[PDB]
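K.L.:
I am sharing protein.cif, which consists of mmCIF, C-alpha atoms and all ligand atoms:
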data_coords
loop_
_atom_site.label_atom_id
_atom_site.label_comp_id
_atom_site.auth_asym_id
_atom_site.auth_seq_id
_atom_site.Cartn_x
_atom_site.Cartn_y
_atom_site.Cartn_z
CA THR G 32 115.39 -1.36 125.48
CA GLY G 33 112.30 -0.68 123.28
CA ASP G 34 109.61 -1.69 125.85
CA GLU G 35 110.90 0.77 128.51
CA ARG G 36 110.75 3.49 125.84
CA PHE G 37 107.38 2.31 124.34
CA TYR G 38 105.61 2.23 127.70
CA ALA G 39 107.16 5.41 129.16
CA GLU G 40 106.46 7.59 126.07
CA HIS G 41 103.45 5.89 124.33
CA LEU G 42 101.37 3.19 126.18
CA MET G 43 101.42 4.85 129.61
CA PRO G 44 100.45 8.44 128.61
CA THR G 45 97.62 6.91 126.50
CA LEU G 46 96.27 4.79 129.37
CA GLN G 47 96.44 7.86 131.66
CA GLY G 48 94.52 9.91 129.05
CA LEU G 49 91.81 7.24 128.90
CA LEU G 50 91.24 6.05 132.46
CA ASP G 51 90.95 7.49 135.95
CA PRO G 52 93.69 6.27 138.42
CA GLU G 53 91.47 3.81 140.29
CA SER G 54 90.04 2.35 137.08
CA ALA G 55 93.61 2.10 135.76
CA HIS G 56 94.64 0.21 138.82
CA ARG G 57 91.68 -2.19 138.70
CA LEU G 58 92.64 -3.06 135.18
CA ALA G 59 96.36 -3.43 135.72
CA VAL G 60 95.51 -5.85 138.54
CA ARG G 61 93.17 -7.79 136.25
CA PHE G 62 95.74 -7.80 133.41
CA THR G 63 98.47 -8.92 135.81
CA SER G 64 96.35 -11.57 137.50
CA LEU G 65 95.66 -13.09 134.10
CA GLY G 66 99.25 -13.30 132.84
CA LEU G 67 98.91 -10.60 130.16
CA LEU G 68 102.41 -9.13 130.05
CA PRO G 69 105.59 -9.98 128.24
CA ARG G 70 107.65 -12.01 130.65
CA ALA G 71 110.73 -10.06 131.70
CA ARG G 72 113.56 -10.43 129.22
CA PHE G 73 116.01 -9.82 132.18
CA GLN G 74 117.61 -12.97 133.83
CA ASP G 75 118.49 -12.30 137.48
CA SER G 76 122.20 -12.60 138.21
CA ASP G 77 123.62 -14.01 141.39
CA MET G 78 124.77 -10.50 142.39
CA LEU G 79 121.16 -9.64 143.07
CA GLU G 80 120.54 -12.43 145.47
CA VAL G 81 119.91 -11.62 149.16
CA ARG G 82 119.44 -13.91 152.23
CA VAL G 83 117.41 -12.19 154.91
CA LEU G 84 114.26 -12.93 157.03
CA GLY G 85 115.04 -16.65 156.82
CA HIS G 86 114.69 -16.70 153.06
CA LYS G 87 116.47 -16.29 149.79
CA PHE G 88 115.40 -13.41 147.60
CA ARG G 89 116.32 -13.98 143.99
CA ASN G 90 116.42 -10.13 143.58
CA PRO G 91 115.88 -7.39 146.09
CA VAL G 92 113.16 -5.46 144.28
CA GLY G 93 109.64 -6.21 145.41
CA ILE G 94 106.21 -4.76 144.85
CA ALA G 95 104.94 -2.80 147.79
CA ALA G 96 101.66 -3.25 149.57
CA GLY G 97 98.70 -1.54 148.02
CA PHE G 98 98.99 -2.68 144.49
CA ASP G 99 97.63 -6.17 145.08
CA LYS G 100 95.46 -5.50 148.09
CA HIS G 101 93.56 -8.84 147.95
CA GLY G 102 96.09 -11.42 146.70
CA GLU G 103 94.67 -11.65 143.20
CA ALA G 104 97.81 -11.06 141.06
CA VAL G 105 100.67 -12.60 142.95
CA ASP G 106 101.81 -14.95 140.22
CA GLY G 107 101.51 -12.26 137.58
CA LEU G 108 103.75 -10.08 139.70
CA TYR G 109 106.51 -12.65 140.09
CA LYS G 110 106.27 -12.95 136.36
CA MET G 111 106.66 -9.26 136.07
CA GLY G 112 110.14 -9.62 137.53
CA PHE G 113 109.70 -8.74 141.20
CA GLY G 114 111.81 -10.82 143.55
CA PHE G 115 109.19 -10.73 146.28
CA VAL G 116 105.56 -9.87 146.57
CA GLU G 117 103.68 -8.21 149.32
CA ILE G 118 99.90 -8.17 149.43
CA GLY G 119 97.52 -6.15 151.50
CA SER G 120 96.78 -4.27 153.50
CA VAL G 121 94.18 -6.79 154.54
CA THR G 122 91.61 -6.04 157.28
CA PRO G 123 89.80 -8.75 159.30
CA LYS G 124 86.32 -8.02 157.91
CA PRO G 125 85.63 -6.81 154.41
CA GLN G 126 85.24 -3.08 154.11
CA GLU G 127 84.83 -0.75 151.18
CA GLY G 128 87.28 1.97 152.22
CA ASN G 129 86.68 5.65 151.44
CA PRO G 130 84.43 7.08 148.80
CA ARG G 131 85.52 7.90 145.32
CA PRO G 132 87.53 9.55 144.02
CA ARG G 133 90.23 8.44 146.40
CA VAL G 134 93.37 8.37 144.36
CA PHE G 135 95.09 11.06 142.34
CA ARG G 136 97.85 11.53 139.86
CA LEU G 137 100.38 14.37 140.23
CA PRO G 138 102.14 13.77 136.98
CA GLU G 139 104.31 16.89 137.19
CA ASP G 140 105.71 15.51 140.46
CA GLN G 141 105.87 11.90 139.45
CA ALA G 142 103.72 11.37 142.49
CA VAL G 143 100.48 9.93 143.68
CA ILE G 144 98.19 10.83 146.52
CA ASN G 145 95.73 8.23 147.73
CA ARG G 146 93.16 7.90 150.54
CA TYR G 147 91.68 4.47 149.92
CA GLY G 148 91.08 3.70 153.57
CA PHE G 149 91.95 0.03 153.63
CA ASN G 150 89.38 -1.23 151.12
CA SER G 151 89.64 -4.99 151.63
CA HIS G 152 88.07 -8.32 150.74
CA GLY G 153 88.91 -9.16 154.36
CA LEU G 154 90.92 -11.99 155.82
CA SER G 155 88.80 -14.90 155.14
CA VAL G 156 88.37 -14.15 151.38
CA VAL G 157 92.11 -13.53 151.05
CA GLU G 158 92.78 -16.71 153.05
CA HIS G 159 90.95 -18.90 150.57
CA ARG G 160 92.59 -17.15 147.69
CA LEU G 161 96.06 -17.92 149.12
CA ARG G 162 95.10 -21.37 150.14
CA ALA G 163 94.24 -22.15 146.50
CA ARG G 164 97.92 -21.64 145.45
CA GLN G 165 99.55 -22.34 148.83
CA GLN G 166 101.81 -25.06 147.37
CA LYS G 167 102.59 -23.22 144.21
CA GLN G 168 103.87 -20.57 146.64
CA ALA G 169 105.88 -23.01 148.76
CA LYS G 170 107.90 -23.84 145.61
CA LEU G 171 108.18 -20.16 144.68
CA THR G 172 109.52 -19.39 148.16
CA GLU G 173 111.99 -22.29 148.00
CA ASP G 174 113.07 -20.79 144.72
CA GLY G 175 113.82 -17.37 146.14
CA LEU G 176 110.52 -15.63 145.48
CA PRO G 177 108.88 -15.04 148.86
CA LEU G 178 105.44 -13.66 149.77
CA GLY G 179 104.57 -11.13 152.41
CA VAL G 180 101.20 -10.23 153.72
CA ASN G 181 100.45 -6.83 155.08
CA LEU G 182 97.84 -6.49 157.82
CA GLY G 183 95.55 -3.58 158.69
CA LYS G 184 92.65 -2.87 161.05
CA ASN G 185 89.02 -2.23 160.38
CA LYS G 186 87.73 1.30 160.55
CA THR G 187 85.14 0.49 163.27
CA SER G 188 87.33 -1.87 165.20
CA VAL G 189 87.29 -1.22 168.99
CA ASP G 190 90.51 -3.21 169.69
CA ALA G 191 93.35 -2.59 167.23
CA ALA G 192 95.70 -5.24 168.55
CA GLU G 193 92.92 -7.77 168.21
CA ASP G 194 92.42 -7.01 164.51
CA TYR G 195 96.16 -7.61 164.02
CA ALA G 196 96.13 -10.80 166.07
CA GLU G 197 93.28 -12.18 163.95
CA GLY G 198 95.38 -11.29 160.97
CA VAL G 199 98.33 -13.13 162.29
CA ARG G 200 96.30 -16.25 162.96
CA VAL G 201 94.48 -16.39 159.65
CA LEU G 202 97.14 -15.24 157.19
CA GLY G 203 100.34 -15.75 159.15
CA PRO G 204 100.29 -19.43 158.22
CA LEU G 205 100.36 -18.56 154.53
CA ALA G 206 103.00 -15.84 154.51
CA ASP G 207 106.77 -15.74 154.52
CA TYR G 208 106.57 -12.49 156.36
CA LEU G 209 103.77 -10.47 157.85
CA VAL G 210 103.66 -6.72 158.11
CA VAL G 211 102.04 -4.84 160.86
CA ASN G 212 100.99 -1.68 159.20
CA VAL G 213 100.74 1.08 161.78
CA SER G 214 101.58 3.90 159.35
CA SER G 215 98.61 4.27 157.06
CA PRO G 216 97.69 7.93 156.89
CA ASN G 217 94.03 7.04 156.10
CA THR G 218 92.58 5.37 159.21
CA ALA G 219 91.85 7.49 162.36
CA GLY G 220 94.44 6.97 165.18
CA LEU G 221 96.29 4.22 163.37
CA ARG G 222 99.53 6.13 163.24
CA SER G 223 99.42 6.68 167.00
CA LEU G 224 99.89 2.88 167.40
CA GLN G 225 103.44 3.91 166.47
CA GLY G 226 103.92 5.55 169.93
CA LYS G 227 105.99 3.54 172.44
CA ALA G 228 103.66 2.12 175.14
CA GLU G 229 100.96 1.38 172.45
CA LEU G 230 103.51 -0.07 170.09
CA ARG G 231 104.88 -2.38 172.77
CA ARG G 232 101.44 -3.63 173.79
CA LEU G 233 100.40 -4.31 170.22
CA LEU G 234 103.56 -6.02 169.13
CA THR G 235 103.91 -8.16 172.19
CA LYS G 236 100.55 -9.54 171.35
CA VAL G 237 101.27 -9.97 167.64
CA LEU G 238 104.48 -11.81 168.39
CA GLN G 239 102.70 -14.09 170.74
CA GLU G 240 100.13 -15.08 168.13
CA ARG G 241 102.95 -15.53 165.71
CA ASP G 242 104.90 -17.80 168.05
CA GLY G 243 101.77 -19.78 168.61
CA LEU G 244 101.85 -20.99 164.99
CA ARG G 245 103.47 -24.19 163.84
CA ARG G 246 107.13 -23.83 162.84
CA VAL G 247 106.83 -24.35 159.13
CA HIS G 248 103.90 -21.92 159.24
CA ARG G 249 105.67 -19.27 161.27
CA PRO G 250 106.39 -15.96 159.46
CA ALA G 251 108.84 -13.17 160.18
CA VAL G 252 107.09 -10.04 161.54
CA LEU G 253 107.96 -6.58 160.32
CA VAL G 254 106.53 -3.21 161.18
CA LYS G 255 105.87 -0.59 158.51
CA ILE G 256 106.40 3.01 159.57
CA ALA G 257 105.57 6.45 158.35
CA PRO G 258 108.19 8.79 156.94
CA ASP G 259 106.70 11.56 159.11
CA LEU G 260 107.87 10.48 162.53
CA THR G 261 109.46 12.85 165.08
CA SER G 262 112.96 11.99 166.31
CA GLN G 263 111.33 10.72 169.49
CA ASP G 264 109.01 8.38 167.63
CA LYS G 265 111.92 6.87 165.82
CA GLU G 266 114.08 6.39 168.91
CA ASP G 267 111.09 4.71 170.52
CA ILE G 268 110.34 2.40 167.68
CA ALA G 269 114.00 1.36 167.44
CA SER G 270 114.06 0.65 171.12
CA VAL G 271 110.87 -1.46 171.14
CA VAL G 272 111.99 -3.31 168.07
CA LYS G 273 115.17 -4.37 169.90
CA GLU G 274 113.41 -5.08 173.15
CA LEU G 275 110.87 -7.50 171.46
CA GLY G 276 112.93 -9.07 168.72
CA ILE G 277 110.88 -7.75 165.79
CA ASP G 278 112.23 -9.34 162.64
CA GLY G 279 112.38 -6.19 160.54
CA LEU G 280 111.09 -2.86 159.46
CA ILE G 281 109.51 -1.58 156.29
CA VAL G 282 110.42 2.02 155.70
CA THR G 283 108.37 3.90 154.58
CA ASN G 284 104.70 4.25 154.01
CA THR G 285 103.33 7.38 152.27
CA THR G 286 103.82 10.88 153.71
CA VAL G 287 101.07 13.23 154.98
CA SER G 288 103.55 16.06 154.33
CA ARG G 289 103.60 18.11 151.18
CA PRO G 290 107.16 19.01 150.29
CA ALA G 291 107.75 22.46 149.02
CA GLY G 292 107.86 22.37 145.27
CA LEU G 293 104.94 20.09 144.39
CA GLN G 294 103.37 21.29 141.11
CA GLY G 295 100.46 18.95 140.63
CA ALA G 296 97.01 20.45 140.52
CA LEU G 297 95.79 17.89 143.06
CA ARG G 298 98.67 18.40 145.48
CA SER G 299 96.23 19.61 148.22
CA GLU G 300 94.10 16.43 148.21
CA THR G 301 93.94 14.72 151.51
CA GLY G 302 95.89 11.47 151.58
CA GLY G 303 99.31 9.92 151.63
CA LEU G 304 101.82 11.06 149.06
CA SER G 305 103.98 8.52 147.23
CA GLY G 306 106.58 8.59 144.46
CA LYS G 307 109.43 10.96 143.75
CA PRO G 308 108.73 13.64 146.35
CA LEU G 309 108.78 10.91 148.99
CA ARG G 310 112.10 9.45 147.84
CA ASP G 311 114.74 11.23 149.87
CA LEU G 312 112.59 11.58 152.90
CA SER G 313 112.19 7.80 153.00
CA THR G 314 115.86 7.17 152.24
CA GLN G 315 116.70 9.39 155.24
CA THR G 316 114.31 7.47 157.48
CA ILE G 317 116.00 4.28 156.36
CA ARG G 318 119.30 5.87 157.36
CA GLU G 319 118.15 6.91 160.85
CA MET G 320 116.54 3.51 161.55
CA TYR G 321 119.55 1.51 160.44
CA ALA G 322 121.76 3.54 162.71
CA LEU G 323 119.40 3.30 165.70
CA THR G 324 119.15 -0.45 165.25
CA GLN G 325 122.91 -0.87 164.78
CA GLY G 326 122.39 -2.53 161.43
CA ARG G 327 120.96 -5.67 163.12
CA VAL G 328 117.35 -5.27 161.98
CA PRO G 329 116.64 -5.79 158.33
CA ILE G 330 114.86 -3.00 156.55
CA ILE G 331 112.86 -3.05 153.41
CA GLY G 332 113.38 0.30 151.83
CA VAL G 333 110.43 1.76 150.01
CA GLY G 334 109.47 5.23 148.76
CA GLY G 335 110.05 6.83 145.39
CA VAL G 336 112.20 4.04 143.95
CA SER G 337 112.24 4.20 140.16
CA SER G 338 115.83 3.58 139.07
CA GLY G 339 118.78 1.47 140.05
CA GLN G 340 120.34 4.50 141.70
CA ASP G 341 117.16 5.05 143.74
CA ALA G 342 117.30 1.52 144.91
CA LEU G 343 120.99 1.47 145.57
CA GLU G 344 120.74 4.66 147.62
CA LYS G 345 118.25 2.93 149.92
CA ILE G 346 120.42 -0.18 150.09
CA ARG G 347 123.55 1.82 150.94
CA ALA G 348 121.51 3.70 153.52
CA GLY G 349 120.69 0.33 155.15
CA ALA G 350 117.93 -1.45 153.23
CA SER G 351 118.31 -5.15 152.64
CA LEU G 352 115.53 -5.04 150.10
CA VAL G 353 113.42 -2.48 148.44
CA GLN G 354 109.99 -2.12 147.00
CA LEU G 355 108.28 0.19 144.55
CA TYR G 356 104.67 0.99 143.84
CA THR G 357 104.26 4.47 142.33
CA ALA G 358 106.96 4.09 139.62
CA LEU G 359 104.95 1.22 138.08
CA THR G 360 102.04 3.56 137.63
CA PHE G 361 104.12 6.02 135.60
CA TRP G 362 106.36 3.69 133.63
CA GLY G 363 104.60 0.35 133.55
CA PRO G 364 106.18 -3.09 134.04
CA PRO G 365 109.37 -2.35 132.20
CA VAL G 366 110.40 -0.26 135.17
CA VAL G 367 111.02 -3.49 137.03
CA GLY G 368 113.69 -4.87 134.73
CA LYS G 369 115.01 -1.32 134.36
CA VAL G 370 115.66 -1.02 138.09
CA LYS G 371 117.36 -4.40 138.26
CA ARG G 372 119.55 -3.91 135.24
CA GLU G 373 120.77 -0.54 136.56
CA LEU G 374 121.24 -1.76 140.07
CA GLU G 375 123.46 -4.51 138.82
CA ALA G 376 125.53 -2.15 136.70
CA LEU G 377 125.85 0.32 139.62
CA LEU G 378 126.95 -2.41 141.95
CA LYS G 379 129.72 -3.35 139.50
CA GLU G 380 130.68 0.24 139.06
CA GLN G 381 131.20 0.81 142.76
CA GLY G 382 132.96 -2.45 143.29
CA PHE G 383 130.37 -4.34 145.26
CA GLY G 384 130.51 -8.14 144.82
CA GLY G 385 126.77 -8.15 145.29
CA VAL G 386 123.85 -6.45 146.93
CA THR G 387 124.68 -7.91 150.33
CA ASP G 388 127.96 -6.00 150.31
CA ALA G 389 126.22 -2.70 149.67
CA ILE G 390 123.74 -2.98 152.47
CA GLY G 391 124.55 -0.16 154.92
CA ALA G 392 127.76 0.73 153.04
CA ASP G 393 127.19 4.47 153.62
CA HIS G 394 127.44 3.95 157.39
CA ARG G 395 130.88 2.41 157.09
CA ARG G 396 132.39 5.34 155.14
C1 LIG K 401 97.36 3.63 145.81
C2 LIG K 401 98.26 3.20 146.93
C3 LIG K 401 97.75 2.31 147.87
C4 LIG K 401 98.54 1.90 148.93
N1 LIG K 401 98.07 1.02 149.81
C5 LIG K 401 98.88 0.58 150.81
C6 LIG K 401 98.43 -0.39 151.81
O1 LIG K 401 97.27 -0.85 151.78
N2 LIG K 401 99.27 -0.74 152.77
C7 LIG K 401 100.52 -0.28 152.87
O2 LIG K 401 101.25 -0.69 153.84
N3 LIG K 401 101.00 0.61 151.99
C8 LIG K 401 100.24 1.06 150.99
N4 LIG K 401 100.75 1.95 150.06
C9 LIG K 401 102.11 2.43 150.23
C10 LIG K 401 103.16 1.69 149.45
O3 LIG K 401 103.22 0.39 150.03
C11 LIG K 401 104.52 2.42 149.62
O4 LIG K 401 104.91 2.39 150.98
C12 LIG K 401 104.58 3.89 149.23
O5 LIG K 401 103.74 4.15 148.15
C13 LIG K 401 105.99 4.33 148.85
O6 LIG K 401 106.44 3.62 147.73
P1 LIG K 401 106.27 4.22 146.22
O7 LIG K 401 106.74 5.66 146.25
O8 LIG K 401 107.14 3.25 145.46
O9 LIG K 401 104.81 4.24 145.81
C14 LIG K 401 99.92 2.38 149.03
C15 LIG K 401 100.39 3.26 148.10
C16 LIG K 401 99.65 3.70 147.06
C17 LIG K 401 100.32 4.64 146.11
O1 LIG K 402 100.36 -0.95 138.09
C1 LIG K 402 99.72 -0.06 137.42
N1 LIG K 402 99.06 0.91 138.01
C2 LIG K 402 98.48 1.70 137.13
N2 LIG K 402 97.78 2.77 137.60
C3 LIG K 402 97.64 3.03 138.99
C4 LIG K 402 97.67 2.03 139.96
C5 LIG K 402 97.49 2.29 141.30
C6 LIG K 402 97.25 3.58 141.70
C7 LIG K 402 97.21 4.62 140.77
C8 LIG K 402 97.40 4.31 139.42
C9 LIG K 402 97.35 5.38 138.39
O2 LIG K 402 97.48 5.09 137.16
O3 LIG K 402 97.15 6.54 138.85
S1 LIG K 402 98.77 1.26 135.49
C10 LIG K 402 99.71 -0.14 135.99
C11 LIG K 402 100.54 -1.21 135.38
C12 LIG K 402 100.46 -1.49 133.97
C13 LIG K 402 100.32 -0.47 133.03
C14 LIG K 402 100.11 -0.77 131.68
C15 LIG K 402 99.95 -2.10 131.27
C16 LIG K 402 100.02 -3.10 132.23
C17 LIG K 402 99.84 -4.40 131.80
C18 LIG K 402 99.91 -5.43 132.72
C19 LIG K 402 100.14 -5.14 134.07
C20 LIG K 402 100.33 -3.83 134.52
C21 LIG K 402 100.25 -2.80 133.59
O1 LIG K 403 94.66 1.94 152.16
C1 LIG K 403 95.17 3.10 152.16
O2 LIG K 403 94.52 4.18 152.01
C2 LIG K 403 96.62 3.23 152.40
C3 LIG K 403 97.19 2.41 153.31
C4 LIG K 403 98.52 2.56 153.55
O3 LIG K 403 99.14 1.86 154.37
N1 LIG K 403 99.18 3.50 152.87
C5 LIG K 403 98.60 4.32 151.97
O4 LIG K 403 99.32 5.18 151.41
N2 LIG K 403 97.30 4.17 151.74
#
Will you turn the file into structure tokens for me?
P.N.:
Amino acid sequence: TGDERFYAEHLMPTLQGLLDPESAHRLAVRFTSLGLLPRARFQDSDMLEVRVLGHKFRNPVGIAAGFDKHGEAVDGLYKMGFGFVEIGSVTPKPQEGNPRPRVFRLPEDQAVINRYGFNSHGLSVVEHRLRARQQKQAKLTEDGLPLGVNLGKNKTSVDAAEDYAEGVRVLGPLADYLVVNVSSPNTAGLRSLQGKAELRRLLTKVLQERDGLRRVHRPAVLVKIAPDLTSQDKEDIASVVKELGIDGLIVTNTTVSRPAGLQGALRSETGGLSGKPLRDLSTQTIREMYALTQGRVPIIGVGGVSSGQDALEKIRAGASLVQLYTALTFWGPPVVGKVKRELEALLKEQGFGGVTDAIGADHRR
């Protein structure tokens, strides 16, 4: 198709030449919130449908947290072709996040490093924003386009579980699924909430708040993990997830590692790395988690997805759904239809009736 080619080779390099990464993002969000796109040529086939988390997903490719941090562009993003949308991370109180610059292109690596630090309009602003389209969203969800909301904690917060509980109370009622994000590389001690005893205390509490909501307003709760966990960390997470009945896992966040081979000038910037260099690392974490959970805990695979093959590798490794974020910054919106079209072809090629059949297929070889 001519869009994929026009954006990849002309529009995108020209936007990159003109704007810094954060400016580029601010604008993409604005353009997307307003409707300014084509609307995806691509009609979703029934092959691409998945039932998971107590919902239907028209297609398994979503937009990952971080792009629409404050719930400003949700509708524009469904229009862009994504089959689900996740917003956030959202913190209880507004906060500016880290000082600029805080995001960086590694174009030689097809990667991004960012250290935003949970810049957020805060719960209550985001709450009103979602309330304003609540019903539009109830019909979207009924149609197979669900909404997830990803929760973070304030920098100066003295009680991390309490931040998350507040989150659950305020935005849980407006979400199909909530994410407890304990894997940001950009908030002091946040990733240590991933340790057992701390993870169990926090999630017990989150799940309690969640169960306290009214049934129609009661979201699934997932936990988003780093790709940088030790074997122990992973065993422990798996365990706690089974012990508490956590609804799913998102795998993975960005990596604080710096794989050998990175060429980008800015490769030594502090921050989490996303995009291609993260891909196989995150696919392997999906693999280890699926196995440790016996395939009974849905996983949203995320990290370096940019093609149907990328996606399908994550699905075969155990992901029920996948998300991308960095690919959109290199290739623009056509990447979304590109991934779907290829995923569909690949599924036919390997004799899968649909996505559901491919989920975990590698573990059954
Ligand atoms: C600029 C930027 C901001 C991000 N912000 C968030 C965030 O607030 N919360 C979160 O859970 N993940 C965040 N992520 C991580 C993405 O959700 C995703 O896990 C990661 O980038 C891997 O996917 P990708 O390689 O498709 O970008 C962010 C990523 C980038 C690149
Ligand atoms: O999602 C996008 N992100 C872009 N840049 C970024 C966003 C977040 C972090 C880093 C960047 C970056 O460019 O480094 S550019 C873009 C999407 C896009 C590009 C070109 C035209 C568009 C028109 C409408 C919506 C998105 C568009
Ligand atoms: O806000 C950020 O800096 C951020 C959060 C997160 O979860 N992941 C990430 O890569 N950056």
K.L.:
Between G:336, G:224, G:176, G:219, which one has atoms that come closest to residue G:90, using all atoms listed in the file?
P.N.:
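For residue G:90, the nearest of the given residues is G:176.
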K.L.:
Just checking: using only C-alpha atoms, which residue out of G:363, G:368, G:255, G:230 ends up closest to residue G:41?
P.N.:
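Counting only C-alpha atoms, the residue closest to residue G:41 is G:363.
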K.L.:
Return the single residue from G:295, G:226, G:52, G:85 that is closest to ligand LIG 401 (chain K), with distances computed using all atoms listed in the file.
P.N.:
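Closest residue, counting all atoms listed in the file: G:52.
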K.L.:
Which residue, G:374, G:309, G:342, G:328, has the smallest gap to ligand LIG 401 (chain K) when you use only C-alpha atoms and all ligand atoms?
P.N.:
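That would be G:309, the residue with the smallest distance to ligand LIG 401 (chain K).
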K.L.:
Would you pick out the contacts of stretch 267-271 of chain G at 10 Å or less, using all atoms listed in the file, so that residues sharing its chain but fewer than 3 positions from it are not included, and give the list as a VMD selection string?
P.N.:
chain G and resid 225 to 228 230 to 231 234 to 235 254 256 260 to 264 274 to 277 280 319 to 325 328
K.L.:
Can you tell me which residues surround residue G:66 at a distance of at most 10 Å, considering only C-alpha atoms, apart from same-chain residues fewer than 2 positions away, and format the answer as a list in words?
P.N.:
residues 61, 62, 63, 64, 68, 69, 70, 104, 106, 107, 108, 110 and 111 of chain G
